[PDB]
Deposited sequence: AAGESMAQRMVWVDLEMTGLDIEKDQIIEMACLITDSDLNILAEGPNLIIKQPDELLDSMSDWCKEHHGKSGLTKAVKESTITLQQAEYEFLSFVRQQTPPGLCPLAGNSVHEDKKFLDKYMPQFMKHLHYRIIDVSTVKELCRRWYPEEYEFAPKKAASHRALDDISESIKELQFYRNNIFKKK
C-alpha cells in the first residue's frame, strides 16, 4: 500500500558533542544522509537542521529512532531536541536488544557478528543489524 514503505523507514542517529543522522528504508538500505554536526553551532540551530531533514524524509510521528546506544541517545534528545523527537515515533529500534538476543540464542553466530565518529558508529550499527537479519532471523 502507498506510503507504507515510507512509514516503515528508520531514523538512525548517533551522539558522541558530535551528532549524525541517516535514513534507511525498512530493509536497511541507506536512503539519505542528514546533518553531521558539532554542538556545544547552538543546540537550537542543530535541532532545526535535523528536524528539517527528517521532515523531508519521514511522515510525522511514524518512524522510529534506530541505533545501538539508542535509548540513551533518545533520553538525551527528548530533553535537548524535543521538537526533533516529536517528529518521530516513540518506539525505538535498539540494535543492542537484537545483539543481546543473538548472544543468548545464537552464540555461534554472535562470535562472527560485527562489533569513533558518529557517522561511523551509525554505519557499524546498520551493518550489525544486517548481520543479525542475515544470520539469526528466519530465511
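Not built in the structure, per the record, are deposited positions 17 to 27, 52 to 81, 157 to 160, 185.
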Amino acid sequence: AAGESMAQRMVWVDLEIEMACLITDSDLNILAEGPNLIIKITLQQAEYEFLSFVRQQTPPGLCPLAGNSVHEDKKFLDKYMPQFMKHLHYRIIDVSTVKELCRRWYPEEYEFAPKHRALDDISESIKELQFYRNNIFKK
From here on, numbers count along this sequence of modelled residues.
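Take the two forms, superpose them, and find the largest set of C-alpha atoms that agree within 1.5 Å; that set is the rigid core.
In terms of root mean square C-alpha deviation after superposing on the rigid core in 5 other deposited structures of this protein, the stretch standing farther out between 63 to 71 and 88 to 96 is 63 to 71. In terms of root mean square C-alpha deviation after superposing on the rigid core in 5 other deposited structures of this protein, the stretch standing farther out between 106 to 114 and 74 to 82 is 106 to 114.
Comparing the deposited coordinates for 89 to 97 and 75 to 83, the stretch with the larger average C-alpha B-factor is 75 to 83.
Higher average CA B factor: 30 to 38, of the stretches 99 to 107 and 30 to 38. Annotation for residue 136: CA B-factor lies in the lowest third of the chain's modelled residues. In the PDB entry, a CA B factor belonging to the middle third of its chain's modelled residues is recorded for residue 6. Per the PDB record, residue ranking by Cα B-factor puts residue 60 in the middle third of the chain. Placement of the Cα temperature factor of residue 25 within the chain: lowest third of the modelled residues, per the deposited record. Ranked by C-alpha B-factor against the other modelled residues of its chain, residue 13 falls in the middle third.
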